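Quick notes on the structure that follows.
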Amino acid sequence: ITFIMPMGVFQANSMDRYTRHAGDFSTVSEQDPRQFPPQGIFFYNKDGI
Amino acid sequence: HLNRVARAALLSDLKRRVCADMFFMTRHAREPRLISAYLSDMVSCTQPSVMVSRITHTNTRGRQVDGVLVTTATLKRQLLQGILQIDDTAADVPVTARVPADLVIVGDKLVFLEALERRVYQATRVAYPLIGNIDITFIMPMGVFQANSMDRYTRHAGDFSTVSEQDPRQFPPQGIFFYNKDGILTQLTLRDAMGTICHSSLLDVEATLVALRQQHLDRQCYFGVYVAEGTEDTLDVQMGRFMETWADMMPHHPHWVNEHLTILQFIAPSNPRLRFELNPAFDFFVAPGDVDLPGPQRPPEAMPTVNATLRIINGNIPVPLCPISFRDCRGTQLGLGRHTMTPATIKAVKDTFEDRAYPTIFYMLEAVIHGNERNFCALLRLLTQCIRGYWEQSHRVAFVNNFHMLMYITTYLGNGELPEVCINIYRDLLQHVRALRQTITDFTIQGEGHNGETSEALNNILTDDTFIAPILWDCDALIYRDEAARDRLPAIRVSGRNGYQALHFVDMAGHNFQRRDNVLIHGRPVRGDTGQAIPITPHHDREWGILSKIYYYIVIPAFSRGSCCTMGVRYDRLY
Amino acid sequence: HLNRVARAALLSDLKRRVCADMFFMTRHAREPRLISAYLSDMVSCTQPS
Amino acid sequence: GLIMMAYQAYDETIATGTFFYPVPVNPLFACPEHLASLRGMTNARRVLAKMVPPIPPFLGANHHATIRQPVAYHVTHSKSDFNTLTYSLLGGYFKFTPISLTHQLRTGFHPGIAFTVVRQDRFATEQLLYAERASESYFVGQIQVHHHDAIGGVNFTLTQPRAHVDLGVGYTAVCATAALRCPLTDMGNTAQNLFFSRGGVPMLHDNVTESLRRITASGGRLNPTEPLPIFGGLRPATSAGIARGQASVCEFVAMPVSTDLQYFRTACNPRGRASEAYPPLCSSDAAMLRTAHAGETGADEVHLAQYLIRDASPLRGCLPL
Amino acid sequence: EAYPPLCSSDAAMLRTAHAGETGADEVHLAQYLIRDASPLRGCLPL
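Protein chains in written order, with the deposited numbering: chain A, 417 to 465; chain B, 221 to 316, 378 to 856; chain C, 221 to 269; chain D, 955 to 1229, 1349 to 1394; chain E, 1349 to 1394.
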């Protein structure tokens, strides 16, 4: 078996830059470090780490 | 013969299997399917034996059983109530017979289920086995910090919000919480740490130096681990031969420089300094072998050994181990209700430090006055005119570089001579210095003095008289330094000869710009007689050294951001 | 003769056991397993004669 | 000496370095641009001092000085504020002696050192065993008597010999640890003292050592006895019944505050490198621990800096709250 | 056809992707969570 596994695509449409709630991942900085395009992807190992 | 990689897969499989079902009977007690799954897997994992028999144990119908399962009556009733089913009550047993004994078919095999505790091990003095117990150890992190600003993310924005203007949530953690066996709230706090870290065993570093000295130590540069003596000069040619010595004596990049490495690059296996970090109170460095500190100006060649020194500042640990965000969060934790700078004085101070057209007349006046009260007591009008003219021409404050200048301004030129904006700036700056000293005072507990040292000196560094200011105008700080300690073995070196004489009130005839002995100009006393046989008195109180050190180590470097420089003057051309 | 510390463990065990099932018939009425568990524990806790 | 705040080089009204010569000795006041004021200035000194601060050897080495490279790097590379930067510099400026660290901890100040505590625990075990059918051949001998004279009468000793053979092809019988029942050992909080141990080097002042032992005596459940009985094991001071069973020690291991938190969220190593202690359910805030009963099935993982670690111990579905 | 597994482009969405408050986040600002489309759906516990 082989898997496809996306890495660095970007939410190009401004309509696609929507959240679940307004501050879900908020910080103490004036600029929220969430505006940035992704650079890394996450998944689980076979033991779940 | 599954070679090495499948043996490591087997390693991880045993790891997760031991972690998986060690107490499964009380773990998945509400899920009877998993209990039957584990038990049927247990029964059908043992290879059977030789099927030798003449007459065996069968049930009432005639099917032979395949073994016996032995436990205690608690687990007997626990499996019997809802997990496994009863096959029969009586059984057939040889006599070298119908006997009431329960039996359960599990999976494909039929087994006796025994809990033999009533008939034997009851009312006798032999302890029943299978109650062996365990020895488990728990790991429990205490005071780590989310170093990355990536990691300071919430679930929802104001989850744990408050009524204060600052949410008490920026701070690094200091305590951990868990549950007792009764489910009550339990607490570990860093106050519990004296049983490990506050012992004398923290300084048992000698044997590790002896063991580490037995390794292959290579020749590295002798810049940051080597101390020289003064060569009794005018301090110009000294930085001269220091310049053409330092210009080529490094054969590579010094190891204590690269603080720009992150966490992972520092703890990477390729780091040669990773093996040189043993103790949090110690820095380990390659040192000359059998060379006394301080050694001579020309470094003697020797087989390089290893030496270690104490980390007095807790920030002396590398910033890969102590992040800038953590330190800023800690400073935010300190500065909740303390004094701060209003935007007017802070923009004036940053504008007058980031001014590059700063006149040197202020430098000339600070050099000639040289922090003497007798000099400032006769120059009220000139200083008033100079400060006013520099202020209301570019809105930049002056004479704030020198610490022996601005409290003079507040005390004498503070009745309303200067414009009111400048006096409020100076008052705010002295208020911030006093607030920093108060912050030091409130975080130490008084009343305990050991070896003649006050608790202010024992806790903090800027309140210890052993540590001195970077620039001394008066010799009072040296007097407090070699008088307050009395157990710290002192050694003062002023350009060759050891010690000072502190001869003040120098005049026209004997100014002696080319003086090479240890006469140091302490300064003319104002409310007293200079004399010659009079012993040297301090100009100010013990709090003078504290306030000066606090100023030079807080206000100047944080506002200048490591851009200002310290330098010596040339009085032989300045005067 | 479990000395004092295990007697205090027994103390806390009696505390949590009295707090645990005083009115268990009407407490875990919707959970038939706990009723059978308590009844089976109770019936097999006394010695016969 | 003197300090000038900003370096100028294109001010041609005054000759360069005719009043001052740069003599910088502080990591904080490192001045790579001010070095042109000294005579004999070249490109080599500037390109070599742009990375390494110029400090004279006769005025203190960087390793031998109080102010070192990391505090200078912190003050030169921090961009948050000026009040916060000054208070951060103040919080850096503290001694790291045992007296000092005692002061900051009993004050409430947080030093830049992270920790773990290790806790050895014991539990009652029920064991589950299935053996086999034809696992043992069990020979019996013949009974033999022995009459032996005694104090008042005679003693009969009855002896019967016997032998067992495991006629299994391989592993026939398997036992497995099954149940927990009552935990005999306490999951509370008792700190492990090192002041019991002797053999390390003492420090110079005995009154300071006695004061440290006195401070360590306060704030704990088990402490060394006040008469300090020599020639013995130094048993801890007694009390009445510990409220729910025998307490377990908590020994501290120090780490930097910059540590991977996700490493501890699984079964990890107490040393920090495998070559396994199971962490329990835990949180560093009172809010998240009381939240951790799965309120809205609430898995509050981390809020800002305090953290919650989900349970990696084998006691996952046990010990009700 | 290669079956894509459960994957997230932020550490937050993966560590909350165990259905915390039965929490199915799809995108917060620009990073994304993709639900598992492999046949190994109800297997491989976390």
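Heads up, the beta-carbon is just placed ideally off N, CA and C, and yes, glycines get one too.
Nearest to residue i (by Cα), restricted to the options the options
{"i": "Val-1375(E)", "options": "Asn-461(A), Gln-447(A), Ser-445(A) and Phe-452(A)", "result": "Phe-452(A)"}
{"i": "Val-1072(D)", "options": "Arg-1383(D), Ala-1350(D) and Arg-1363(D)", "result": "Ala-1350(D)"}
{"i": "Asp-514(B)", "options": "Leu-1388(D), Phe-1012(D) and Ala-984(D)", "result": "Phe-1012(D)"}
{"i": "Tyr-975(D)", "options": "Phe-657(B), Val-425(B), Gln-403(B) and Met-524(B)", "result": "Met-524(B)"}
{"i": "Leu-289(B)", "options": "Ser-260(B), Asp-312(B) and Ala-378(B)", "result": "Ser-260(B)"}
{"i": "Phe-973(D)", "options": "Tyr-689(B), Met-686(B), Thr-641(B) and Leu-699(B)", "result": "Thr-641(B)"}
{"i": "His-620(B)", "options": "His-713(B), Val-787(B), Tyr-832(B) and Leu-646(B)", "result": "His-713(B)"}
{"i": "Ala-1367(D)", "options": "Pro-1393(D), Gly-1153(D) and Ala-1003(D)", "result": "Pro-1393(D)"}
{"i": "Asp-440(A)", "options": "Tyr-856(B), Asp-763(B), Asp-440(B) and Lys-628(B)", "result": "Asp-440(B)"}
{"i": "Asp-473(B)", "options": "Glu-1205(D), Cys-1355(D), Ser-1357(D) and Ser-1356(D)", "result": "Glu-1205(D)"}
{"i": "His-1028(D)", "options": "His-277(B), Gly-843(B) and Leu-661(B)", "result": "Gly-843(B)"}
{"i": "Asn-279(B)", "options": "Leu-300(B), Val-313(B) and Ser-264(B)", "result": "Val-313(B)"}
{"i": "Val-1001(D)", "options": "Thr-266(B), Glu-510(B) and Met-531(B)", "result": "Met-531(B)"}
Assigned exposure category for residue i - 16 Cβ within 10 Å defines buried
{"i": "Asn-1161(D)", "result": "exposed"}
{"i": "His-1118(D)", "result": "exposed"}
{"i": "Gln-455(B)", "result": "buried"}
{"i": "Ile-420(A)", "result": "exposed"}
{"i": "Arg-250(B)", "result": "exposed"}
{"i": "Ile-650(B)", "result": "buried"}
{"i": "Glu-824(B)", "result": "exposed"}
{"i": "residue 328(B)", "result": "Missing from the coordinates is residue 328(B); the shown part of chain B jumps over it, going from 316 to 378."}
{"i": "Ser-736(B)", "result": "buried"}
{"i": "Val-572(B)", "result": "buried"}
{"i": "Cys-1136(D)", "result": "exposed"}
{"i": "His-1100(D)", "result": "exposed"}
{"i": "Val-681(B)", "result": "buried"}
{"i": "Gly-1199(D)", "result": "buried"}
Length of the line joining the Cα atoms of residue i and residue j
{"i": "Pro-1178(D)", "j": "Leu-231(C)", "result": "27 Å"}
{"i": "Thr-512(B)", "j": "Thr-526(B)", "result": "15 Å"}
{"i": "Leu-784(B)", "j": "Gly-791(B)", "result": "12 Å"}
{"i": "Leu-828(B)", "j": "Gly-804(B)", "result": "19 Å"}
{"i": "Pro-1008(D)", "j": "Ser-1032(D)", "result": "22 Å"}
{"i": "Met-475(B)", "j": "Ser-776(B)", "result": "44 Å"}
{"i": "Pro-1352(E)", "j": "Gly-1371(E)", "result": "20 Å"}
{"i": "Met-995(D)", "j": "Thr-970(D)", "result": "11 Å"}
{"i": "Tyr-671(B)", "j": "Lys-628(B)", "result": "16 Å"}
{"i": "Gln-1074(D)", "j": "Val-1203(D)", "result": "7 Å"}
{"i": "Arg-450(B)", "j": "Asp-746(B)", "result": "36 Å"}
{"i": "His-821(B)", "j": "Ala-814(B)", "result": "21 Å"}
{"i": "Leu-743(B)", "j": "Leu-222(C)", "result": "57 Å"}
{"i": "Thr-1144(D)", "j": "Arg-1225(D)", "result": "21 Å"}
{"i": "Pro-252(C)", "j": "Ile-303(B)", "result": "14 Å"}
>> Taking 8 Å as the cut-off, does the region 1063-1075 of chain D touch the region 269-286 of chain B (at least 3 CB pairs, one atom from each stretch)?
In response: no
> Is the region 793-800 of chain B in contact with the region 531-542 of chain B, if contact means three or more CB pairs nearer than 8 Å?
Replying inline: no
>> Residues of the region 407-437 of chain B in Cβ contact with chain E at a cutoff of 7 Å, in chain order, please.
In response: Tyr-434
> Within the chosen definition, does the region 430-438 of chain B reach the region 1366-1382 of chain D through at least 3 CB pairs nearer than 8 Å?
Replying inline: yes
>> So if I threshold CB-CB distances at 9 Å, which residues from the region 470-483 of chain B count as touching chain D?
In response: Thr-470, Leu-471, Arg-472, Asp-473, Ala-474, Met-475, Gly-476, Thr-477, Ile-478, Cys-479, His-480, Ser-481, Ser-482 and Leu-483
>> Any contact between the region 413-427 of chain B and the region 469-484 of chain B? By contact I mean 3 or more CB pairs, one from each, below 8 Å.
In response: yes
> Along the region 1363-1383 of chain D, what residues have a CB closer than 8 Å to any CB found in chain E?
Replying inline: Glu-1369, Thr-1370, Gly-1371, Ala-1372 and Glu-1374
> Using Cβ-Cβ distances below 8 Å, what residues of the region 1076-1099 of chain D are close to chain B?
Replying inline: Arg-1076, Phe-1077, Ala-1078, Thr-1079, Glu-1080, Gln-1081, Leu-1082, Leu-1083, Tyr-1084, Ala-1085, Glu-1086, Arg-1087, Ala-1088 and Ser-1089
> Are the region 1042-1059 of chain D and the region 832-845 of chain B touching by the rule of at least three beta carbon pairs closer than 8 Å?
Replying inline: yes
>> For the region 1105-1124 of chain D against the region 1023-1043 of chain D, do three or more pairs of beta-carbon atoms, one drawn from each stretch, fall closer than 8 Å, so that the two count as touching?
In response: no
>> Under 8 Å, with one C-beta from each stretch per pair, do the region 708-726 of chain B and the region 619-635 of chain B reach the 3-pair mark?
In response: yes
> Quick one: any contact between the region 1125-1137 of chain D and the region 1073-1093 of chain D, if contact means 3 or more CB pairs under 8 Å?
Replying inline: yes
>> For the structure I just gave you, are there three or more beta carbon pairs, one from the region 1087-1102 of chain D and one from the region 1217-1225 of chain D, closer than 8 Å?
In response: no
>> Using 8 Å as the cut-off, can you tell me whether the region 557-567 of chain B makes contact with the region 494-510 of chain B, which would need three or more C-beta pairs spanning the two stretches below that distance?
In response: yes
>> Beta carbons nearer than 8 Å to chain D: which residues of the region 223-242 of chain C have them?
In response: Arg-224, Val-225, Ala-226, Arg-227, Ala-228, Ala-229, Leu-231, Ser-232 and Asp-233
> Relative to chain C, which residues along the region 1129-1160 of chain D have a C-beta separation below 9 Å, given in chain order?
Replying inline: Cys-1136, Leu-1138 and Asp-1140
> Are at least three pairs of beta-carbons, each pair with one atom in the region 665-684 of chain B and one in the region 582-594 of chain B, less than 8 Å apart?
Replying inline: no
> When Cβ atoms are compared, which residues of the region 440-451 of chain B fall closer than 7 Å to chain A?
Replying inline: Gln-451
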